[PDB]
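Tertiary structure, described
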Protein chains: 2
Amino acid sequence: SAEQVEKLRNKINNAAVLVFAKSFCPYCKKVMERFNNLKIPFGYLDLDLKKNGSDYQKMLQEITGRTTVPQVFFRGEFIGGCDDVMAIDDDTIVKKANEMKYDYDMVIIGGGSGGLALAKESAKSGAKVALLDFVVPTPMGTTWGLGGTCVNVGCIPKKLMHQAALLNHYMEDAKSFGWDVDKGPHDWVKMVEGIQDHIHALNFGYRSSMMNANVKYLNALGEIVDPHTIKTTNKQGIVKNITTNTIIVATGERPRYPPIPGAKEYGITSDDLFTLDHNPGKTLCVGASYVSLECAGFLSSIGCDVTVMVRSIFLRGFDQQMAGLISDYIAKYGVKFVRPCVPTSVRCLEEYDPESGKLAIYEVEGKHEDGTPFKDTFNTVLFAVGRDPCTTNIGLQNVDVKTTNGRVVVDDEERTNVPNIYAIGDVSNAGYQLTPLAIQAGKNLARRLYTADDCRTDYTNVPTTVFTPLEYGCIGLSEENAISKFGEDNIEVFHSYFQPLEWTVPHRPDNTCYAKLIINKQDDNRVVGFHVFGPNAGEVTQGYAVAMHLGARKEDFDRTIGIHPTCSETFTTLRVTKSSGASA
Amino acid sequence: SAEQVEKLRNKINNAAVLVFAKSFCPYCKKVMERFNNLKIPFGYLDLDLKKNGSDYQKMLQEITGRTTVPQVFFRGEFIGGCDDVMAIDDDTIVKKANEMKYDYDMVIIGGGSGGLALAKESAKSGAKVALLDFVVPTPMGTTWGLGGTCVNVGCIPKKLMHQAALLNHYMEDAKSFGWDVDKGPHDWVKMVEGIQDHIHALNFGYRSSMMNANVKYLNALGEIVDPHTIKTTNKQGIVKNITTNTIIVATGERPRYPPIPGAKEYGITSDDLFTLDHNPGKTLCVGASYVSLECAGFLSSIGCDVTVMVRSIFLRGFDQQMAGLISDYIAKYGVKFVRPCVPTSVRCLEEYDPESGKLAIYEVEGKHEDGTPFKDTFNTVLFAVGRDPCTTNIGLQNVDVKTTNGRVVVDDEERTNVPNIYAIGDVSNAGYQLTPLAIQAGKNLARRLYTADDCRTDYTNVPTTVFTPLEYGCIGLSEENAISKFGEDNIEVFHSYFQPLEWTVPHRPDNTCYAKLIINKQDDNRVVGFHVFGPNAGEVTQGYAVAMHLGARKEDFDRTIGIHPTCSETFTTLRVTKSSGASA
Ligand SMILES: Cc1cc2nc3c(=O)[nH]c(=O)nc-3n(C[C@H](O)[C@H](O)[C@H](O)COP(=O)(O)OP(=O)(O)OC[C@H]3O[C@@H](n4cnc5c(N)ncnc54)[C@H](O)[C@@H]3O)c2cc1C
Ligand SMILES: Cc1cc2nc3c(=O)[nH]c(=O)nc-3n(C[C@H](O)[C@H](O)[C@H](O)COP(=O)(O)OP(=O)(O)OC[C@H]3O[C@@H](n4cnc5c(N)ncnc54)[C@H](O)[C@@H]3O)c2cc1C
């Protein structure tokens with residue numbers, strides 16, 4: 001127990017006011033009750049609630065030479081136990097607890113999902129936190145408020161437009177169920193106002209939340225100069241430096257444009273799409289990422305002539321049987337695919353005009369991999385080909401923080417090669433680019449920094465869901481990566497089609513929705529992958545991610561009794577394997 | 001040992017053709033290839049796929065004295081290994097396997113979820129099976145086809161009407177999302193006509209499935225006379241006996257009418273509601289089971305004036321905090337409650353009138369427990385006050401199978417006190433009254449009987465969902481029983497409200513949907529109960545039932561990453577306890 005104590009000296013030194021406590025100890029309440037009465041921010045850690053809380057008391061007695069808890073540190077200076085605190089009078093203690101050397105305990109570059117979460121949790125454990133967020137506008141001029149990609153130009157509006165697309169099919173279902181429905185035209189502007197109304201309520205909400213936690217939100221861009229100070233330029237344009245013990249990089253990504261004539265001038269991305277003045281008209285999406293396919297999906301169902309232009313395959317990195325069934329379904333309900341094919345140029349012939357409500361005409365050319373060129377006209381070109389980490393122009397050259405393929409490299413505590421610089425969320429090279437990951441990395445990092453806990457974020461078995469017109473949720477390995485990792489002499493795949501009961505009265509096509517489990521027979525038939533394609537794929541999937549953290553096996557799904565009538569119950573009765581060739 | 005060695009003797013003797021095998025072995029494959037070309041139905045159990053497979057290969061060596069596989073039995077007669085079968089030749093060989101002391105290996109009284117599932121899996125493993133199902137009509141004369149309660153008058157039509165109710169609300173949601181809809185009136189006749197067409201499609205499906213499996217379906221009523229013969233009266237009244245080695249009671253339940261004037265004469269039950277000629281009009285439901293509230297729920301959203309009359313409490317046996325929000329929500333969107341109050345009488349004032357519509361008018365009065373009487377008029381009275389098991393007039397007095405409040409009592413192998421009589425589904429005293437339970441119990445019983453498997457059905461952690469206008473799913477113990485079982489300072493309750501992102505734009509009311517986990521701190525913070533109240537509650541809940549068979553703790557929900565944006569992710573970040581008194 002040699003350097004796991006020096007790892008804890010380290011967490012003690014870069015914390016703020018920190019109190020090692022126990023739940024039943026009377027002494028601890030008196031010092032904590034007193035810090036609250038003098039408005040002293042602190043963070044505490046309670047060792048009766050740790051399986052290893054025993055080893056913490058061992059380690060603390062080498063650091064301090066004291067045997068009991070409480071043990072209290074002011075930014076590394078050990079103040080002592082209970083009576084050492086009651087011998088500092090009510091104002092030399094308050095004065096001593098706020099000297100720092102730096103303006104801030106922590107500066108967070110980036111106010112996204114993860115920055116905001118790390119900020120809120122850090123302040124609740126005593127930290128003086130500055131949170132920087134500034135939204136460099138799109139080429140066509142789009143910006144948004146506090147909240148990051150998810151809130152403004154990501155999950156929240158995407159899913160909301162997805163739900164305006166679902167209700168169109170829900171409403172044609174409703175006639176089979178006895179309702180006489182008119183269903184008329186779709187008013188694009190009324191929907192984008194409802195959506196931007198929720199966003200602004202979340203802009204307001206995250207901004208309120210930061211003030212009530214005593215986080216200094218500064219609407220300014222961050223750049224690193226040295227490990228302990230950050231350069232900030234704000235709206236008005238003035239530079240100011242601030243000093244910090246800790247730097248967190250949480251800058252996310254922004255969409256990529258292909259290097260082709262007219263891309264930035266005339267195209268849009270997800271950043272622009274959730275705020276368009278006008279129905280996009282005849283649309284071309286470029287790329288076959290989840291963002292491209294989800295956008296084509298709800299745009300088609302809202303009423304647009306949509307065309308997707310795919311360089312090669314759909315959803316590279318996802319299971320490709322499933323990627324086939326998404327695209328086959330998108331394809332069977334109006335979304336046209338040109339593939340394989342890449343754009344070469346986009347020029348403007350006619351221009352958008354709010355003096356008539358008539359959309360620009362753009363013509364896009366392209367190469368078809370075979371050489372045949374492509375040429376057609378669209379009113380909107382939407383580039384959805386990937387996103388790039390915001391690692392340029394933040395000073396990582398000045399401190400020599402390592403990057404790999406644009407992403408900040410980080411250990412299992414989200415720390416870089418400089419021991420006081422961290423990176424969380426999408427700019428990490430850890431985990432999927434998902435906001436619940438960003439939020440968890442935030443909350444756990446906050447409690448290691450400012451309560452000295454050892455909780456680490458777990459990046460295995462992370463669930464995802466793709467909100468294409470028929471949704472696709474998955475956990476774990478694709479069938480092709482499991483077969484590669486473990487060998488086909490070790491993989492069994494159970495599968496089945498299924499027909500949501502909600503679809504039989506409306507006469508939607510059976511043998512479309514699909515469930516499959518990837519099984520590693522050599523490890524007690526462990527469920528190493530989980531895939532579902534059907535309605536409400538997000539809510540089907542979530543619970544099973546808990547069972548796979550517990551190591552669920554095929555035995556365990558079958559022992560579980562289904563809920564009838566649901567889509568999710570088909571996973572309690574999978575029967576048919578793939579090696580058997582029997583029909584699914 | 002000793003006791004279990006005879007337990008296997010027994011399933012060998014009451015089996016049909018039985019083959020104990022291993023998957024390594026051509027010697028087994030050659031015996032079974034020969035049975036398949038000689039059109040011999042058999043059931044096999046493969047001993048490599050049993051964790052205890054070693055103990056079978058030494059138990060058999062006590063019955064037979066051989067250690068090798070294959071080993072083959074014909075209804076208890078031990079024929080031997082691979083060369084012992086490669087004599088006999090193709091015709092005295094086929095004569096030995098069709099010799100029986102009875103007309104059937106198994107007769108099943110009841111063609112519901114459990115019976116139908118039990119029959120198919122038995123036939124697939126070698127049994128000569130007769131399946132009896134006959135539907136004695138309602139007071140009003142209504143009947144239905146093969147399939148049992150769930151297919152004809154239960155889960156399937158219930159949920160379809162529920163989905164007609166949801167789509168009405170999904171359609172106002174859609175105006176906030178930009179659609180000029182709008183919704184006209186609801187045609188009851190077109191909806192049940194679509195519903196019964198799917199029902200009929202399952203009637204046909206289950207009868208085809210029985211014929212393709214070579215079960216003799218007899219649309220007749222079953223009565224026991226001795227352990228080994230069943231009396232069958234068909235449509236006519238012609239009785240015929242059939243003899244059987246094993247009897248299964250799977251006769252389900254049917255709804256109870258209260259003992260009051262006019263109950264059977266003028267009211268209806270769930271058995272009638274899913275087939276009604278007419279829109280029910282202004283309706284009264286009596287009772288507060290899940291069946292009463294779900295029906296009350298969808299009738300209301302479809303357009304009816306509905307009223308529920310509760311002798312005491314909502315959803316007796318469920319968590320009653322949840323039962324509160326189920327009703328509080330029903331009540332706040334059009335359904336009227338009189339409670340506490342009980343029926344006394346129903347008489348008729350006007351009668352049907354074709355086809356001037358003029359629906360029957362009935363007058364129901366009652367007493368309010370306080371004594372105050374009740375009196376009013378409705379066009380439909382629906383009794384949802386319970387269901388009673390079909391154990392009268394099936395002959396259990398003749399062989400003396402024990403019952404407790406009408407339910408056939410049964411052990412962990414679903415056997416009664418008569419060793420060749422079993423009972424599955426709702427006539428059990430085992431488990432909740434749920435279709436996936438009937439099916440799983442049937443399906444495991446089939447292989448103890450005809451593969452000599454030892455798989456037992458698990459009645460712990462069964463998830464249920466109530467499809468009220470806002471749905472309610474749950475697993476495990478209610479909050480009130482966890483405190484009884486474990487004591488209140490060993491339970492912590494995490495909870496939170498949540499707002500489905502689909503509800504933000506339409507401005508459906510915040511702090512309505514609700515999630516809570518019941519935690520037993522004394523057993524490593526194990527999750528002993530799980531409750532969610534919200535949209536798509538069946539699909540939210542199902543996966544977590546798997547996680548609770550694996551012993552999920554609060555730690556484990558917290559380690560799991562949410563799928564954003566979903567309702568189910570709120571169980572990955574529950575934070576506020578009840579003992580803390582903070583807001584949810
Ligand atoms: C169209 C789209 C749909 C998506 N749908 C989902 C989904 O359904 N479910 C899911 O889980 N995830 C989804 N995601 C991904 C999710 O949005 C991201 O994973 C999440 O927002 C990342 O959080 P973050 O905090 O790491 O980065 P961000 O949220 O992007 O936060 C970065 C913030 O820092 C700002 N910033 C950048 N540089 C600086 C700088 N030098 N100084 C100061 N501020 C700076 C940025 O302007 C931004 O506000 C989607 C993404 C997109 C683009
Ligand atoms: C309105 C309603 C809604 C429900 N919703 C759900 C739900 O959403 N999810 C869920 O899991 N469960 C639900 N259930 C319960 C589910 O339907 C039952 O638990 C399931 O049907 C029981 O299956 P069973 O095979 O044991 O009996 P049954 O399905 O009832 O079938 C028994 C069959 O045997 C016939 N029979 C009776 N006596 C004889 C006799 N002497 N001889 C020959 N045949 C006989 C009967 O006519 C019947 O057809 C619901 C029930 C009702 C009433």
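Residues numbered from 1 in each chain as written, not as in the entry; some residues may be left out. Chains lettered and ligands numbered in written order. Heavy atoms only, no water. Residues with missing side-chain atoms left out of burial classes, pairs and counts.

If you check the header, you'll see the entry was determined by X-ray crystallography and the resolution is listed as 2.700 Å.

1. Overview of the site of ligand 1
This is how it is decided: Note on terminology: near, applied to a residue and a molecule or strand, indicates that one of the residue's heavy atoms is within 4 Å of it. Think of a polar contact as two N or O atoms within 3.5 Å of one another; within protein, one of them needs to be a possible hydrogen donor and the other a possible acceptor, and neighboring residues in sequence only count if both atoms come from side chains. Here, Shrake-Rupley sampling with a 1.4 Å probe gives the accessible areas, and only protein chains in the shown set may cover a residue.
Around ligand 1 lies a shell of 37 residues, among which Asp-133, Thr-149, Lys-158 and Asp-426 of chain A together with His-564 of chain B are the nearest. The environment around ligand 1 is built from residues contributed by chains A and B. Between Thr-149 of chain A and ligand 1, the recorded distance is 2.5 Å, taken from a side-chain N or O atom to an oxygen atom. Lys-158 of chain A places a polar side-chain atom, nitrogen or oxygen, 2.9 Å from a nitrogen atom of ligand 1. Contact with the protein chains covers 96% of the free accessible surface of ligand 1, which is 1000 Å².

2. Here we look at the domain arrangement of chain A
Residue and element names in this part refer to chain A. To keep it simple, the criterion reads: The split of the chain into domains comes from an automatic or database domain assignment. Any two residues having at least one pair of non-hydrogen atoms within 4.5 Å are treated as being in contact. By buried area we mean the combined loss of accessible area, with a 1.4 Å probe, across both parts when two parts are placed together.
Considered domain by domain, chain A is made up of domain 1 (1-101), domain 2 (102-255 + 386-460), domain 3 (256-385) and domain 4 (461-584). In this structure, domain 3 and domain 4 have C-alpha centres spaced 31 Å apart. With 14 residues of domain 3 at the interface, the matching set in domain 4 holds 20 residues. Summed over both sides, the interface between domain 3 and domain 4 buries roughly 1600 Å², with carbon and sulfur atoms accounting for 69% of that surface. Interface area lost by domain 3 to domain 4 is led by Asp-319, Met-322 and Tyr-329, which between them contribute 36%.

3. Some points on the state of the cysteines
Threshold: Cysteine sulfur atoms that come within 2.5 Å of each other are treated as a disulfide pair. We call a residue buried when its accessible area falls under 20% of the maximum for its residue type, exposed when it is over 50%, and partly exposed in between, using a 1.4 Å probe and counting protein chains only.
Following the criterion strictly, the structure yields two disulfides over all chains and no others. Through a disulfide, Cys-150 of chain A is tied to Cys-155 of chain A; the S-S separation comes to 2.1 Å. Here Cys-150 of chain A and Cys-155 of chain A share a disulfide; its torsion about the S-S bond, -135 degrees, makes the bridge left-handed. Like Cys-150 of chain A, the residue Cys-155 of chain A is buried in the burial classification. Sulfur of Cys-390 of chain B: no disulfide; nearest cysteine sulfur belongs to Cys-150 of chain B and is 16 Å away.

4. What to know about the relation of the copies chain B and chain A
As a reminder, the rule being used: The way the copies are matched up is a least-squares superposition on C-alpha atoms.
For the pair chain B and chain A, the best superposition has an RMSD of 0.4 Å and corresponds to a rotation of 180 degrees with a translation of 0.0 Å parallel to the axis. The symmetry that links the two subunits is that of a two-fold axis. The fraction of interface residues of chain B whose copies in chain A are also interface residues reaches 96%, indicating that both copies meet through the same surface.

5. As for the site of ligand 2
The full set close to ligand 2 counts 40 residues, and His-564 of chain A together with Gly-114, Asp-133, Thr-149 and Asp-426 of chain B are the nearest of them. Proximal residues around ligand 2 fall on chains A and B, making this an inter-chain site. Contacts to ligand 2 include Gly-111 of chain B, whose backbone N or O atom sits 3.4 Å from an oxygen atom. A distance of 3.3 Å separates an oxygen atom of ligand 2 from a polar backbone atom of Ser-113 of chain B.

6. Points about the nonpolar core
The test is simple: Only buried residues count toward a nonpolar core, which is a set of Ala, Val, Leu, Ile, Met, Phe, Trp, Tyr and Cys residues joined through side-chain atoms within 4.5 Å.
Of all hydrophobic cores here, the largest spans 165 residues; its most connected members are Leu-273 and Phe-530 of chain A together with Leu-273, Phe-530 and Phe-571 of chain B. If sequence neighbours within four positions are ignored, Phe-530 of chain A has contacts with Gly-473, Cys-474, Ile-475, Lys-516, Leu-517, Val-540, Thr-541, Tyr-544, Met-548, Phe-557 and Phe-571 of chain A. Membership of the second largest hydrophobic core comes to 37 residues, among which are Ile-12, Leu-60, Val-215 and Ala-446 of chain A.

7. A few points about the packing of aromatic side chains
Our working definition: The aromatic pairing rule takes the rings of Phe, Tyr and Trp, using the six-membered ring of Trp, and pairs them if the centres are within 6.5 Å, calling planes under 30 degrees apart stacked, those over 60 edge-to-face and the rest tilted. Secondary structure elements are defined from DSSP: runs of H or I of at least 4 residues count as helices, runs of E of at least 2 residues count as strands, and each element is numbered from the N terminus. Counting as a charge over the ring demands two things of the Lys NZ or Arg CZ atom: a distance within 6 Å of the ring centre and an angle within 35 degrees of the ring normal.
Evaluation of the coordinates by the stated rule reveals 34 aromatic pairs over all chains. Relative to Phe-533 of chain A, the ring of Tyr-329 of chain A lies with its centre 6.2 Å away and its plane at 85 degrees, an arrangement referred to as edge-to-face. A residue pair is termed long-range when its members are at least 10 positions apart, and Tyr-329 of chain A in helix α13 (residues 320-332) and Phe-533 of chain A in strand β27 (residues 526-534) qualify at 204 residues. Taking relative accessible area as the criterion, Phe-533 of chain A reaches 1% and is therefore assigned buried. Ring centres 5.3 Å apart and planes at 20 degrees place the aromatic pair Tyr-544 of chain B and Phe-557 of chain B in the stacked group. Separated by 13 residues along the polypeptide, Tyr-544 of chain B in helix α17 (residues 537-549) and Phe-557 of chain B in helix α18 (residues 554-559) bring together distant segments of the chain. Aromatic rings pair up to connect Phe-20, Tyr-56, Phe-73 and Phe-78 of chain A into one cluster. Positioned above the aromatic ring of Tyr-104 of chain A is the side chain of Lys-128 of chain A, whose terminal nitrogen or guanidinium carbon lies 5.1 Å from the ring centre.

8. Some words on the interface of chain B and chain A
This is how the line gets drawn: Any carboxyl oxygen of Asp or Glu that lies within 4 Å of a side-chain nitrogen of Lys or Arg is treated as forming a salt bridge with it.
Contacts between the two partners involve 84 residues from chain B, matched on the other side by 83 residues from chain A. The junction of chain B with chain A conceals about 7400 Å² of combined surface from both sides, 65% of it contributed by carbon and sulfur atoms. Contact with chain A buries area across many residues of chain B, yet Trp-179, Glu-539 and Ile-561 of chain B alone supply 12% of it, more than any other trio. Counting the contacts that link chain B with chain A gives eight salt bridges.

9. Describing the pattern of salt bridges
All names here are of chain A. Across all of its chains, the model carries 74 salt bridges over all chains by this definition. The shortest N-O distance in the salt bridge between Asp-84 and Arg-66 comes to 2.4 Å. One end of the pair, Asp-84, is in helix α4 (residues 82-85); the other, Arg-66, is in the loop between α3 (53-64) and β3 (71-74), and 18 residues separate them in sequence. With a relative accessible area of 27%, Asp-84 lands in the partly exposed category.

10. A closer look at a negative patch on the surface
Rules: Patches in this entry comprise residues that are over 30% relatively accessible and not in a salt bridge; like charges within 9 Å are linked, as are nonpolar side chains (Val, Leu, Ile, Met, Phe, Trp, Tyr) within 5 Å. Note that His is not counted, nor are the chain ends; the positive residues are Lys and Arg, and the negative ones are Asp and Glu. Charge coordinates come from a single atom per side chain, which is NZ of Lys, CZ of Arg, CG of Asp or CD of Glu.
Among the surface-exposed residues, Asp-180, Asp-182, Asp-187, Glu-193 and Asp-197 of chain A together with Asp-180 of chain B lie close enough to one another that they form a single negatively charged patch. Here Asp-180 of chain A shows up in the loop between α8 (155-176) and α9 (188-212). The class of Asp-180 of chain A is partly exposed, set by a relative accessible area of 48%.

11. Examining the packing of helix α8 (residues 155-176) of chain B against helix α9 (residues 188-212) of chain B
Residues and elements named next belong to chain B. This is how it is decided: Note on geometry: axes are lines fitted to C-alpha atoms, helical ones only across the stretch in contact, with angles between N-to-C directions running from 0 to 180 degrees. Handedness of a crossing is defined here by the sense of rotation of the near helix relative to the far one, left-handed for an anticlockwise turn of less than a right angle and right-handed for a clockwise turn.
One way to put it is that α8 packs onto α9 with a least axis distance of 10 Å and a crossing angle of 145 degrees. Regarding α8 and α9, the two cross each other, and that crossing is right-handed. Each of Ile-156, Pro-157, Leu-160, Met-161 and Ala-164 in α8 lies in contact with α9, whose residues at this interface are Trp-188, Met-191, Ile-195, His-198, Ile-199 and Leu-202.

12. Re α8 of chain A
Residue and element names in this part refer to chain A. Going by this rule: Working rule for helices: expected span equals 1.5 Å times residues minus one.
Counted at 1.5 Å a residue, the expected span for α8 with its 22 residues is 32 Å, and the 32 Å between its end C-alpha atoms agrees. Counting buried residues along α8, 18 of its 22 residues qualify, which places the element largely inside the surrounding structure. Of the residues one or two after α8, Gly-178 is the one with positive phi, at around 110 degrees.

13. Some details on the sheet that holds strand β17 (residues 373-378) of chain A
Residue and element names in this part refer to chain A. Rules: Here, any two strands with at least 2 DSSP bridges between them count as paired.
Taken in spatial order, the three strands of this open sheet run β15-β16-β17, and their pairing is antiparallel. Each of the sheet's edge strands pairs with one partner strand only, and the pair in question is β15 (342-350) and β17. When the angles between neighbouring strand axes are averaged without regard to direction, this sheet yields 20 degrees.

14. Let's talk about the side chain of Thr-541 of chain A
Mapped onto the secondary structure, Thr-541 of chain A falls in helix α17 (residues 537-549). Owing to a relative accessible area of 0%, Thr-541 of chain A belongs among the buried residues under this scheme. Side-chain polar atoms of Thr-541 of chain A contact the backbone oxygen of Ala-537 of chain A, separated by 2.5 Å. Residues contacting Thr-541 of chain A, with those up to four places away along its chain left out, are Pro-463, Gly-473, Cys-474, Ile-475, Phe-530 and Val-532 of chain A together with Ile-563 of chain B.

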